[PDB]
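Everything below concerns the one structure shown next.
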Amino acid sequence: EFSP
Amino acid sequence: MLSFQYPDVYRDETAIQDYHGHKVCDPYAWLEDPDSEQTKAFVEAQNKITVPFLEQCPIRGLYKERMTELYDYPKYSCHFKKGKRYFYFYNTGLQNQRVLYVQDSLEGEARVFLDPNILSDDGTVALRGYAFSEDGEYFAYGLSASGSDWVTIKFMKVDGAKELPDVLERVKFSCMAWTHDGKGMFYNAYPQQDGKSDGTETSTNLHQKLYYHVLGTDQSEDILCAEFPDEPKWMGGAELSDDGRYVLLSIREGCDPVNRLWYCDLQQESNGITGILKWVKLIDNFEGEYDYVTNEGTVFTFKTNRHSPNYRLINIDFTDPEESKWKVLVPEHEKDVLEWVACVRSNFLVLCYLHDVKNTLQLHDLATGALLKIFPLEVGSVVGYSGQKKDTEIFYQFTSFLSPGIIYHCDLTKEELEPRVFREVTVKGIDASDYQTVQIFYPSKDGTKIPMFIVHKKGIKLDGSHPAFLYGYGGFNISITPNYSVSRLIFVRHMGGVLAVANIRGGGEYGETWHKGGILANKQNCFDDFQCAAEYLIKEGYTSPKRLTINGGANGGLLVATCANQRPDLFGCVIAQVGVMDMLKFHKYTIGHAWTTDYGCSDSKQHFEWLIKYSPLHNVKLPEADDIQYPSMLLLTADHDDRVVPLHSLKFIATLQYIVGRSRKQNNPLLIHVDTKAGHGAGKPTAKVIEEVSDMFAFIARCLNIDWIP
C-alpha cells in the first residue's frame with residue numbers, strides 16, 4: 001500500500 | 001503564553017507559476033529541497049520553539065508515565081502455520097518492535113525466530129513484508145530503516161534460523177511470492193536513480209519492474225519477468241495460485257480498487273522462468289478489482305467490485321473466460337461490504353463483512369457459496385486472521401475501542417465447529433465497564449447520513465463542558481473501524497475527554513459509492529461531513545468549539561488542515577500528522593502520482609479548479625471576523641517520511657506562521673515538529689510512538705488548559  | 005518568536009523565513013516572491021491562467025505564488029518552494037542548508041536550518045529553528053513548548057508542562061510527563069504503564073501489556077498476532085511449524089509475533093509490552101517466534105506445535109515451547117530489536121540501538125529498523133516458501137522451510141523478509149518505504153529483502157533457512165547470503169536492494173511497494181518448486185521468489189524493484197534512495201529524497205518513483213530472484217544467486221542475475229516501459233506508473237504484483245500452477249499478475253495504476261489481471265500458466269513455460277513470461281491478459285483494463293481467492297483447476301474465484309460497489313465473489317473459468325460466462329458464487333449484499341475473503345481447509349471460505357462499520361465473520365462452502373457458520377463477534381474489528389487453503393484451522397483477532405485483542409481459534413476438521421478464545425489480554429489500569437461506545441448517524445450538509453462512534457465515560461452530562469478529540473480520515477476506500485488505542489483512552493480517563501470517530505465519505509464504509517462521494521470533484525463532501533460531525537458534537541452538548549480537538553493522519557492531515565482553514569471558529573485545537581498540504585504539487589514527489597485517483601491532478605484545468613479551493617497551502621487566510629482566530633495547530637512529520645514528503649508540512653507551517661501567526665489577534669500557537677529516524681508511521685518503534693502521543697496530548701492539555709485527573 002502506497003496511499004497517503 | 002507564547003514565550004517565543006516565530007523564525008524569520010525567507011519568501012521567494014519570484015516563485016510564480018501559471019496554472020491554466022491562474023497565477024499561484026509559492027514563496028516557500030525552496031523548502032522542497034530536503035538536503036539544503038536552508039531547509040535543515042528552518043527545521044532546526046522550528047523544532048527549537050516547538051520542543052520547549054510541548055515539554056514545559058508537567059502534564060506531558062504525567063501523560064508519558066501513564067502511557068508507559070498502560071501500554072505495557074502483552075501484544076500478540078494470530079498464530080499461523082507454515083510447513084511443519086507455527087509462528088506468531090509477540091511483544092512483552094514495551095519492546096520497540098514485535099518479535100517473530102516459532103514453535104513445533106501449539107503445546108510446544110516457543111523460540112525467538114526473528115528479533116528486529118537487535119538490528120538497531122533505537123528500534124528504527126523494522127520488518128516490512130515477508131514470505132515463507134511454500135513448504136515453510138525458507139523465509140524472505142523486508143527490512144526498512146528509519147521508517148522509509150524503501151526495503152532490503154533478506155533470507156533465512158527456517159530450520160536453525162540460518163542467515164543466507166541473498167540480499168535484494170531497491171525494493172519498494174513490492175510483492176513477495178515464491179514459486180512452489182522452492183527455486184526462487186518474485187519481488188518488485190525500481191531502476192537506479194541519481195541522488196539518495198534512503199527515504200529523505202523526494203524523487204518520483206516510476207518504472208517499477210517485476211523480477212524473479214533464484215535462491216543462492218546474486219541479485220544482478222535476477223530474471224526480469226514483466227515491465228511496462230510505455231506506462232511508467234503501472235505497478236505489477238505477482239502471487240502464485242494455491243496449487244502452484246499459475247502466476248497471477250495484478251497491475252495497478254493509482255489507488256482506486258481496480259486492477260488488470262494477467263496470468264502465466266507455469267506448465268506452459270518451455271524452460272522454466274527464464275525471461276519475460278507468456279502472460280495471458282485475462283482482464284486487460286482498469287475497470288474493476290479482481291482479488292484472487294483460490295482456484296480449482298481452471299476455475300478461479302475472485303472477490304470483485306465489477307458492477308458491485310459492495311463487492312461480491314465470482315468464478316472465472318480460464319477455459320471459458322467471457323464475462324457473460326462468469327458465475328456469481330456469493331452475490332453482492334445490498335448494504336454490507338465484503339471486505340475480504342480467505343480460502344481454508346480446501347473447500348471453505350471465510351468472508352469478513354462490514355455492517356454499519358462493524359465486522360462480521362462467516363464460513364461458506366466453496367462449491368456453492370452457501371453460508372455454513374456465523375463466527376460470533378462483539379462490536380468491533382477483525383484485525384488479523386490466519387488460515388490458508390492447506391491449513392485445517394483458523395485464527396482471527398478481534399479488537400474494539402474498549403478491548404485490546406481477543407484471539408480466537410477454530411479447528412475446522414471438527415464436524416461441529418466450536419470457535420474458542422485462544423488468547424485474551426487485559427489492560428489493568430482502565431475499567432472498560434466505566435465507559436460506553438455509541439454509534440449515531442448525523443445528517444451532513446446535503447442530508448446524507450454519516451456514521452460516527454462516540455466513546456465516553458458513562459453518566460456524563462451533555463452540558464458542552466468536556467474536551468473532545470474527533471478523528472477522521474475520509475479517502476482511499478479506507479474504512480475507519482473500532483480499534484483499541486490506550487493513548488486515546490488516557491485522554492478519556494485522565495483528561496475527562498470524549499473520543500469521536502466520524503466515518504465520512506471517501507472511505508469504504510459503504511462501498512465504492514461511499515468512496516466516490518468523497519473524491520475528485522466531491523472531495524469537499526469529506527470536509528463538509530467532518531465539519532458536520534463537529535457541529536453535531538457541539539449541538540448535542542458533548543463538547544464546545546473551544547474544547548474540541550481534531551486529528552487526522554496523511555489524507556486525514558489534509559482533512560483537519562482544510563477544516564482549520566474553512567471553519568477556524570469550530571475548533572480549539574488541530575493536530576495534523578504527516579499531512580498532504582500542497583494539493584497542487586503532491587503528484588511530483590515519490591509515490592504521490594498514485595493519489596490522483598482520489599484527488600485529481602493540477603495538470604488538468606478541471607481538476608485544478610477543484611484543488612485550489614481546498615488545498616491547505618493555498619487557503620490560509622486571516623478570519624475576517626474580529627473575534628475569530630485560527631485554532632492552536634500542531635503539525636507532526638519526520639525527515640524520512642517518503643510516503644508524504646515532509647516539505648508539505650514545512651511549506652504549510654511557514655505559511656501559517658507568516659499569514660496568520662504574524663497577526664496581532666492570533667494568540668493560539670502554530671507549531672511543527674519534525675522527528676528524526678522516522679517516516680510515515682509504519683514500523684515506528686514503541687519508544688517513538690510513546691513520545692508522539694505524549695506530544696499530542698501535552699499540546700492539547702496546554703492549549704485548552706486541561707487539568708490532569710489522576
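Lettering of chains follows the sequences in order, A, B, ..., and the numbering in each one begins at 1. We use all heavy atoms of the structure for the numbers below, so side chains are in, but hydrogens, waters and symmetry mates are not.
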Measuring only between side-chain heavy atoms, which start at C-beta, is B:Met495 closer than 4.5 Å to B:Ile706? yes

Between B:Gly199 and B:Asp642, which heavy-atom pair has the shortest distance, and what is it? CA-OD2, 3.2 Å

Would you say B:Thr399 and B:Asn483 are linked by a side-chain donor-acceptor pair, where the criterion is simply a distance under 3.5 Å? no

Tell me if the centroids of the rings in B:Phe395 and B:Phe80 come within less than 6.0 Å of each other. no

For B:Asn503 and B:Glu509, which I'm curious about, is there any donor-acceptor pair between the side chains at under 3.5 Å? yes

Look at the side chain of B:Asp434 and the backbone N and O of B:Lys457, then say whether any donor-acceptor pair between them is shorter than 3.5 Å. no

Carefully, step by step, assess B:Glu418 and B:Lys414 under the rule salt bridge (charged side-chain N to carboxylate O under 4.0 Å, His left out). CA-CA 8 Å; B:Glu418 292 299 339; B:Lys414 295 298 187 170; over 6 Å; no

Quick one: does any side-chain atom of B:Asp104 pair with a main-chain N or O of B:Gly108 as donor and acceptor, under 3.5 Å? no

Within the distance-only criterion (no hydrogens, no angle test), does the side chain of B:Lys449 pair as donor or acceptor with the backbone N or O of B:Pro443 below 3.5 angstrom? no

Derivation of the side chain to side chain contact (heavy atoms under 4.5 Å, CB included) call for B:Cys410 and B:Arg420: CA-CA 6 Å; B:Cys410 187; B:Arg420 330 195 131 215; over 6 Å; no

Check the side chains of B:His494 and B:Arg66 for a donor-acceptor pair under 3.5 angstrom, ignoring hydrogens and angles. yes

Worked verdict on B:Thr437 versus B:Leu402 for side chain to side chain contact (heavy atoms under 4.5 Å, CB included): CA-CA 8 Å; B:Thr437 295; B:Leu402 300 173; 4.0 Å; yes

Taking side chain as C-beta onward, heavy atoms only, is B:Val574 less than 4.5 Å from B:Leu635? no

Using 0.5 Å steps for rounding, measure from the CG atom of B:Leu361 to the OH atom of B:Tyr408. 10.5 Å

Walk me through it: do B:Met452 and B:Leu537 pass the test side chain to side chain contact (heavy atoms under 4.5 Å, CB included)? CA-CA 10 Å; B:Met452 165 152 68; B:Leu537 294 172; 3.9 Å; yes

Please determine, by modelled atom types, if B:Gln388 and B:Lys82 share a side-chain donor-acceptor pair under 3.5 angstrom. yes

Could you tell me if B:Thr294 and B:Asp242 have a donor-acceptor pair between their side chains, going purely by distance under 3.5 Å? yes

Ring centres under 6.0 Å, that's the criterion: do B:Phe401 and B:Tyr484 meet it? no

Say whether, by atom type as modelled, one donor and one acceptor occur between the side chain of B:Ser400 and the main chain of B:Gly380 under 3.5 angstrom. no

Tell me if a side-chain donor or acceptor on B:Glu393 pairs with a main-chain N or O of B:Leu412 at a distance below 3.5 Å. no

Looking only at heavy atoms, which two atoms of B:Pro309 and B:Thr513 are closest? And how far apart? CB-CG2, 3.8 Å

Step through it carefully: locate the ring centre of B:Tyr471, locate the ring centre of B:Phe469, and say whether they are under 6.0 Å apart. no

Measure from the side-chain N and O atoms of B:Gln97 to the backbone N and O of B:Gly123, and report whether any donor-acceptor pair falls under 3.5 Å. yes

Between B:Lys688 and B:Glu692 (salt bridge meaning N to carboxylate O under 4.0 Å), is one present in this structure? no

Is B:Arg643 salt-bridged to A:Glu1, going by a charged N under 4.0 Å from an acidic O? no

B:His515 side chain to B:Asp598 side chain, donor-acceptor N/O pair below 3.5 angstrom: yes

Just wondering, more than 12 heavy atoms not from B:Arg111 lying within 6.0 Å of its CZ? yes

For B:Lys677 and B:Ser146, test the side chains for any donor-to-acceptor distance below 3.5 angstrom and give the result as yes or no. no

Apply side chain to side chain donor-acceptor pair (under 3.5 Å) to residues B:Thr686 and B:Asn96 and explain how you reach the verdict. CA-CA 4 Å; B:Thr686 297; B:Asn96 285 325; 4.9 Å; no

Taking every heavy atom of B:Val337 against every heavy atom of B:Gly511, the minimum-distance pair comes out as CG2-N, 3.3 Å

Is it possible for you to check whether B:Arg60 lies under 6.0 Å from the centre of the six-membered ring of B:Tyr63, through NZ or CZ, and within 45° of that ring's axis? no

Show me the pairs that pass side chain to side chain donor-acceptor pair (under 3.5 Å) and involve residues 373-386 of chain B, at least two apart or across chains. B:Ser381-B:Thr481

Between B:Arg505 and B:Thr448, do the side chains contain a donor N or O and an acceptor N or O under 3.5 Å apart? yes

Do the rings of B:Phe132 and B:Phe87 sit parallel, tilted or perpendicular, given the 30° and 60° boundaries? tilted

Do B:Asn359 and B:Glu339 pair up side chain to side chain, a donor and an acceptor below 3.5 Å, judged on atom types alone? yes

Side chain proximity check, B:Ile450 to B:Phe441, heavy atoms < 4.5 angstrom: no

Side chains of B:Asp336 and B:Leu354 in contact at under 4.5 Å (non-hydrogen atoms): no

Donor-acceptor contact present, side-chain B:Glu65 to main-chain B:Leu62, <3.5 Å: no

Over all heavy atoms of both residues, which pair between B:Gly474 and B:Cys526 is shortest? Give the atoms and the distance, please. O-SG, 3.6 Å

Verify whether one side chain among B:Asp356 and B:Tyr510 offers a donor that lies under 3.5 Å from an acceptor in the other. yes

Within-4.5 Å side-chain heavy-atom neighbours: B:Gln103 and B:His79: yes

Minimum heavy-atom separation for B:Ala533 and B:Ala502, please, with both atom names. CB-CB, 3.7 Å

More than 12 non-hydrogen atoms from neighbouring residues, nucleotides or ligands closer than 6.0 Å to NZ on B:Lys64, yes or no? no

Atom NZ of residue position B:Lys458 - does it have more than 12 heavy atoms of other residues, nucleotides or ligands inside 6.0 Å? yes

Mind checking whether B:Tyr536 and B:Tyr542 have parallel, tilted or perpendicular rings, split at 30° and 60°? parallel

Under 3.5 Å, side chain of B:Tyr73 to main-chain N/O of B:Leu94, donor-acceptor pair present? no

Could you tell me whether B:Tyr101 and B:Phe113 have their ring centroids closer than 6.0 angstrom? no

Does a side-chain heavy-atom distance below 4.5 Å link B:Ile490 with B:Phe697? no

Measure from the side-chain N and O atoms of B:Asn555 to the backbone N and O of B:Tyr473, and report whether any donor-acceptor pair falls under 3.5 Å. yes

If you compare all heavy atoms of B:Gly579 against all heavy atoms of B:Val644, which two are closest, and at what distance to 0.1 Å? O-CG1, 3.4 Å

For B:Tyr311 and B:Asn305, test the side chains for any donor-to-acceptor distance below 3.5 angstrom and give the result as yes or no. yes

So, do B:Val151 and B:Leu143 sit near enough that their side-chain heavy atoms are less than 4.5 Å apart? no

Does B:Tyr86 have B:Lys81 sitting over its ring (NZ/CZ under 6.0 Å from centre, angle to axis within 45°)? yes

Quiz question: by atom type and distance under 3.5 Å, do the side chains of B:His333 and B:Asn310 form a donor-acceptor pair? no

Could you walk me through whether B:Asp291 and B:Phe302 satisfy the side chain to side chain contact (heavy atoms under 4.5 Å, CB included) test, starting with their C-alpha distance in whole Å, then the side-chain angles of each, then the deciding distance to 0.1 Å, before giving a yes or no? CA-CA 5 Å; B:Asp291 169 30; B:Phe302 288 104; 5.7 Å; no

Considering only heavy atoms from C-beta outward, does the side chain of B:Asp365 approach that of B:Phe348 to under 4.5 Å? no

Within the distance-only criterion (no hydrogens, no angle test), does the side chain of B:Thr562 pair as donor or acceptor with the backbone N or O of B:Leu558 below 3.5 angstrom? yes

